[PDB]
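So this block is data.cif, mmCIF, C-alpha atoms:
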data_coords
#
loop_
_atom_site.label_atom_id
_atom_site.label_comp_id
_atom_site.auth_asym_id
_atom_site.auth_seq_id
_atom_site.Cartn_x
_atom_site.Cartn_y
_atom_site.Cartn_z
CA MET C 1 10.59 -4.30 -14.89
CA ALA C 2 11.93 -2.82 -11.61
CA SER C 3 12.86 0.43 -13.45
CA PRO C 4 9.92 2.61 -12.20
CA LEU C 5 10.52 1.44 -8.60
CA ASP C 6 14.28 1.96 -9.02
CA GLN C 7 13.54 5.46 -10.38
CA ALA C 8 11.49 6.14 -7.21
CA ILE C 9 14.35 4.85 -5.02
CA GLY C 10 16.63 7.07 -7.16
CA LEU C 11 14.52 10.14 -6.32
CA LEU C 12 14.33 9.18 -2.61
CA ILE C 13 18.15 8.83 -2.48
CA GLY C 14 18.21 12.06 -4.53
CA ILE C 15 16.38 13.89 -1.71
CA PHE C 16 17.81 12.13 1.36
CA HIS C 17 21.52 12.38 0.48
CA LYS C 18 21.36 16.21 0.29
CA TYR C 19 20.59 16.09 4.01
CA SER C 20 22.61 12.97 4.89
CA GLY C 21 25.77 14.42 3.27
CA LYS C 22 25.72 17.10 6.01
CA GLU C 23 27.25 14.76 8.64
CA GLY C 24 24.38 12.20 8.58
CA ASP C 25 27.10 9.55 9.01
CA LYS C 26 26.11 5.84 9.10
CA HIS C 27 23.07 6.78 6.90
CA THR C 28 21.41 9.10 9.42
CA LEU C 29 19.52 12.40 9.65
CA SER C 30 21.18 14.59 12.32
CA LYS C 31 19.97 17.54 14.45
CA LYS C 32 21.62 19.90 11.93
CA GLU C 33 19.75 18.33 9.02
CA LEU C 34 16.50 18.36 11.01
CA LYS C 35 16.69 22.10 11.83
CA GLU C 36 17.51 22.80 8.15
CA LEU C 37 14.59 20.62 6.96
CA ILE C 38 12.26 22.24 9.56
CA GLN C 39 13.30 25.73 8.35
CA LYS C 40 12.73 24.75 4.68
CA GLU C 41 9.33 23.21 5.58
CA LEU C 42 8.43 26.39 7.53
CA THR C 43 7.36 28.31 4.38
CA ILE C 44 4.37 28.91 2.03
CA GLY C 45 2.19 25.93 3.05
CA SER C 46 1.72 26.99 6.70
CA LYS C 47 -1.08 24.58 7.64
CA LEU C 48 -0.51 21.24 5.88
CA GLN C 49 3.28 21.61 5.94
CA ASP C 50 3.18 22.66 9.62
CA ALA C 51 0.96 19.70 10.57
CA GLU C 52 3.66 17.74 8.73
CA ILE C 53 6.35 19.57 10.82
CA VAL C 54 4.59 18.43 14.02
CA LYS C 55 4.09 14.87 12.69
CA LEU C 56 7.72 14.73 11.47
CA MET C 57 9.13 16.06 14.76
CA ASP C 58 7.00 13.65 16.84
CA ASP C 59 7.49 10.57 14.62
CA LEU C 60 11.26 11.04 14.29
CA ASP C 61 11.97 12.28 17.86
CA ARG C 62 11.87 8.94 19.69
CA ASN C 63 14.53 10.73 21.83
CA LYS C 64 17.08 10.34 18.96
CA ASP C 65 16.50 13.90 17.53
CA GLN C 66 20.29 14.33 17.72
CA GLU C 67 20.88 11.49 15.23
CA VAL C 68 17.74 9.94 13.69
CA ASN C 69 18.43 6.88 11.51
CA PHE C 70 17.53 6.55 7.80
CA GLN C 71 15.25 3.59 8.72
CA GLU C 72 13.24 5.98 10.96
CA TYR C 73 12.96 8.44 8.02
CA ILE C 74 11.66 5.47 5.99
CA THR C 75 9.25 4.65 8.85
CA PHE C 76 8.12 8.32 8.65
CA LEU C 77 7.43 7.82 4.91
CA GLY C 78 5.32 4.91 6.17
CA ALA C 79 3.65 7.16 8.80
CA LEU C 80 2.72 9.76 6.15
CA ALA C 81 1.03 7.14 3.93
CA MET C 82 -0.56 5.52 7.03
CA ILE C 83 -2.89 8.56 7.31
CA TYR C 84 -4.94 6.44 4.83
CA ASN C 85 -7.20 5.32 7.72
CA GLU C 86 -8.63 1.77 7.74
CA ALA C 87 -6.65 0.91 4.56
CA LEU C 88 -3.38 1.39 6.50
CA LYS C 89 -5.14 1.51 9.92
CA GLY C 90 -4.45 5.25 10.51
CA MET X 1 3.62 20.77 0.34
CA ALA X 2 4.31 20.49 -3.41
CA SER X 3 8.07 19.80 -3.42
CA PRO X 4 10.72 17.38 -4.78
CA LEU X 5 10.18 15.48 -1.49
CA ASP X 6 6.40 15.30 -2.03
CA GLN X 7 6.86 14.34 -5.70
CA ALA X 8 9.36 11.62 -4.70
CA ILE X 9 7.30 9.98 -1.94
CA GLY X 10 4.18 10.50 -4.11
CA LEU X 11 5.75 8.63 -7.05
CA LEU X 12 7.05 5.92 -4.70
CA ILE X 13 3.78 5.18 -2.85
CA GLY X 14 1.78 5.67 -6.08
CA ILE X 15 3.87 3.28 -8.20
CA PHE X 16 3.84 0.86 -5.23
CA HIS X 17 0.02 1.07 -5.05
CA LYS X 18 -0.12 0.29 -8.79
CA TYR X 19 2.55 -2.48 -8.72
CA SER X 20 0.72 -4.04 -5.73
CA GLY X 21 -1.99 -5.05 -8.23
CA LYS X 22 -1.06 -4.35 -11.88
CA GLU X 23 -4.16 -6.54 -12.40
CA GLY X 24 -6.18 -3.88 -10.48
CA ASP X 25 -4.49 -1.50 -7.99
CA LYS X 26 -4.63 -3.32 -4.63
CA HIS X 27 -3.35 -1.30 -1.63
CA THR X 28 -1.26 -4.28 -0.38
CA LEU X 29 1.06 -6.36 -2.59
CA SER X 30 -0.33 -9.59 -4.09
CA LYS X 31 1.65 -12.84 -4.71
CA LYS X 32 0.76 -12.51 -8.43
CA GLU X 33 2.62 -9.21 -8.76
CA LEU X 34 5.44 -10.35 -6.46
CA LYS X 35 5.88 -13.38 -8.77
CA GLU X 36 5.79 -11.08 -11.83
CA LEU X 37 8.51 -8.92 -10.21
CA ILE X 38 10.57 -12.04 -9.37
CA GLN X 39 10.29 -13.43 -12.94
CA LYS X 40 11.18 -10.04 -14.47
CA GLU X 41 14.05 -9.59 -11.99
CA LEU X 42 15.31 -13.08 -12.93
CA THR X 43 15.06 -12.53 -16.71
CA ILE X 44 17.28 -15.66 -17.14
CA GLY X 45 18.47 -15.92 -13.50
CA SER X 46 20.88 -12.95 -13.64
CA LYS X 47 22.87 -14.16 -10.56
CA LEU X 48 23.20 -10.78 -8.75
CA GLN X 49 19.45 -10.50 -9.36
CA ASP X 50 18.96 -13.92 -7.71
CA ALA X 51 20.88 -12.77 -4.61
CA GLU X 52 18.61 -9.71 -4.91
CA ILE X 53 15.57 -12.07 -5.05
CA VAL X 54 16.75 -13.93 -1.92
CA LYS X 55 17.15 -10.55 -0.15
CA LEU X 56 13.80 -9.27 -1.53
CA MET X 57 11.83 -12.39 -0.57
CA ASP X 58 13.46 -12.78 2.86
CA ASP X 59 13.11 -9.12 3.88
CA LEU X 60 9.70 -8.52 2.28
CA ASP X 61 7.68 -11.73 2.76
CA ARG X 62 7.67 -11.88 6.57
CA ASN X 63 5.21 -14.85 6.56
CA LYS X 64 2.69 -12.57 4.82
CA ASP X 65 3.39 -13.87 1.28
CA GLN X 66 0.00 -14.56 -0.40
CA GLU X 67 -0.53 -10.86 0.19
CA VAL X 68 2.18 -8.62 1.72
CA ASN X 69 1.55 -5.46 3.76
CA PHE X 70 2.70 -1.91 2.95
CA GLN X 71 4.73 -1.79 6.22
CA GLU X 72 6.86 -4.71 4.97
CA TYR X 73 7.31 -2.91 1.64
CA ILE X 74 8.40 0.23 3.57
CA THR X 75 11.05 -1.68 5.56
CA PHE X 76 12.08 -3.31 2.25
CA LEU X 77 12.39 0.24 0.81
CA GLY X 78 14.83 0.89 3.67
CA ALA X 79 16.74 -2.40 3.24
CA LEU X 80 16.96 -1.91 -0.56
CA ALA X 81 17.99 1.76 -0.33
CA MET X 82 20.66 0.77 2.25
CA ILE X 83 22.49 -1.08 -0.59
CA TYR X 84 22.92 2.35 -2.27
CA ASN X 85 25.01 3.23 0.89
CA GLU X 86 27.55 5.57 -0.82
CA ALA X 87 24.83 7.47 -2.70
CA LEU X 88 22.42 7.10 0.26
CA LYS X 89 24.70 9.06 2.63
CA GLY X 90 26.46 11.10 -0.10
#
Could the structure of this file be written out as structure tokens, please?
Amino acid sequence: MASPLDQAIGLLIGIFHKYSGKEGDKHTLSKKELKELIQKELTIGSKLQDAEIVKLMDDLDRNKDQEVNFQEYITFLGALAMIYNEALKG
Amino acid sequence: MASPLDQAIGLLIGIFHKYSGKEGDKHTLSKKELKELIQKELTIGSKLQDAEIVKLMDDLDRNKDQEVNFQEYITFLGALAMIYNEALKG
């Protein structure tokens, strides 16, 4: 059944809405939410997580850093997985 | 880093990678498993679920149907999650 997938969506919503609630209106991820996320990321994983900070910042900041859209966050989920070179190109 | 975020995306991409080929974990989604999902989702043609199947098929199977690419699944993740609007923004 869809249940496992729906559970995964459930978790994703679970995470995202904590940010999006903080004025991420129209289902967005705003500058505020970004700086909070960045701060939270900037902790005890200061190589991998920082490479992820750079990748996040770059991937999301197609100028729209002010108000990045949920679909771009989804695309970033894509971009993370896409590090599986060849299989997902790179 | 190890986090609710990481766990969530991990579960999502993992369960996707399984679902893609319940037969044998393909990295892209096969018509077989799509058709399994559709049948399960129908159950007896649970109306809302059929509208859901129209949405699913239309959004997901962008010509690539025999086998469907992770990118399409990702955008489908977005499109699906969008329905959770209230919870999505929170």
From atom CA of residue 32 of chain X to atom CA of residue 58 of chain X the spacing works out at 17.0 Å
Q: Just give me the gap between atom CA of residue 40 of chain C and atom CA of residue 5 of chain X in Å, one decimal is fine.
A: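 Here the two named atoms are 11.4 Å from each other.
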Report as a PDB file with C-alpha atoms, in the coordinates of the input the full result of the PyMOL selection byres ((chain X) within 6 of (chain C)) when it is applied to this structure.
ATOM      1  CA  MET X   1       3.620  20.770   0.340  1.00  0.00           C
ATOM      2  CA  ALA X   8       9.360  11.620  -4.700  1.00  0.00           C
ATOM      3  CA  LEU X  12       7.050   5.920  -4.700  1.00  0.00           C
ATOM      4  CA  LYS X  40      11.180 -10.040 -14.470  1.00  0.00           C
ATOM      5  CA  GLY X  78      14.830   0.890   3.670  1.00  0.00           C
ATOM      6  CA  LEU X  88      22.420   7.100   0.260  1.00  0.00           C
ATOM      7  CA  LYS X  89      24.700   9.060   2.630  1.00  0.00           C
ATOM      8  CA  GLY X  90      26.460  11.100  -0.100  1.00  0.00           C
TER       9      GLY X  90
END
* Asked: chain X vs chain C: Cα RMSD after least-squares superposition over all Cα in order?
  ->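 Here the C-alpha RMSD works out to 3.7 Å.
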Test item: axis-aligned box, all listed atoms of segment 29-41 of chain C, 6 Å on each side, centre and edges in Å rounded to one decimal, as lines of an AutoDock Vina configuration file:
center_x = 15.5
center_y = 19.1
center_z = 9.6
size_x = 24.3
size_y = 25.3
size_z = 21.8
Next on the checklist: On this structure, the PyMOL selection byres ((chain C and resi 34) around 9) would catch which residues? List them as a PyMOL selection string, sorted by chain and number.
Outcome noted: chain C and resi 19+29-33+35-39+57+65-66+68
Across X:42, X:69, X:64, X:56, the smallest distance to residue 83 of chain X, with only C-alpha atoms counted, is shown by X:56
What is the atom CA of residue 59 of chain X to atom CA of residue 3 of chain C distance in Å?
->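 Those two atoms sit 19.8 Å apart.
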Could you rebuild segment 21-34 of chain C with N, CA and C atoms and give it back as a compact mmCIF listing (two decimals), in the frame of the given file?
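Output file part26.txt follows:
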# COMPACT_ATOMS: atom_id res chain seq x y z
N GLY C 21 24.43 13.93 3.54
CA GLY C 21 25.77 14.42 3.27
C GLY C 21 26.27 15.36 4.37
N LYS C 22 25.38 16.18 4.94
CA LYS C 22 25.72 17.10 6.01
C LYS C 22 25.83 16.35 7.35
N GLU C 23 26.84 15.48 7.44
CA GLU C 23 27.25 14.76 8.64
C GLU C 23 26.20 13.75 9.13
N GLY C 24 25.30 13.28 8.27
CA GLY C 24 24.38 12.20 8.58
C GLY C 24 25.08 10.85 8.45
N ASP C 25 26.23 10.72 9.13
CA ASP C 25 27.10 9.55 9.01
C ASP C 25 26.35 8.28 9.43
N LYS C 26 26.75 7.13 8.88
CA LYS C 26 26.11 5.84 9.10
C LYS C 26 24.69 5.79 8.50
N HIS C 27 24.37 6.68 7.55
CA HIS C 27 23.07 6.78 6.90
C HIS C 27 22.03 7.27 7.91
N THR C 28 22.24 8.49 8.41
CA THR C 28 21.41 9.10 9.42
C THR C 28 21.03 10.51 8.98
N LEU C 29 20.15 11.10 9.77
CA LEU C 29 19.52 12.40 9.65
C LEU C 29 19.75 13.10 10.99
N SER C 30 20.72 14.02 11.06
CA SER C 30 21.18 14.59 12.32
C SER C 30 20.43 15.87 12.68
N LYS C 31 20.58 16.32 13.92
CA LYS C 31 19.97 17.54 14.45
C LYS C 31 20.10 18.71 13.47
N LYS C 32 21.32 18.90 12.94
CA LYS C 32 21.62 19.90 11.93
C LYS C 32 20.63 19.79 10.77
N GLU C 33 20.58 18.61 10.17
CA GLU C 33 19.75 18.33 9.02
C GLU C 33 18.28 18.56 9.36
N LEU C 34 17.85 18.11 10.54
CA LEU C 34 16.50 18.36 11.01
C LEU C 34 16.22 19.86 11.04
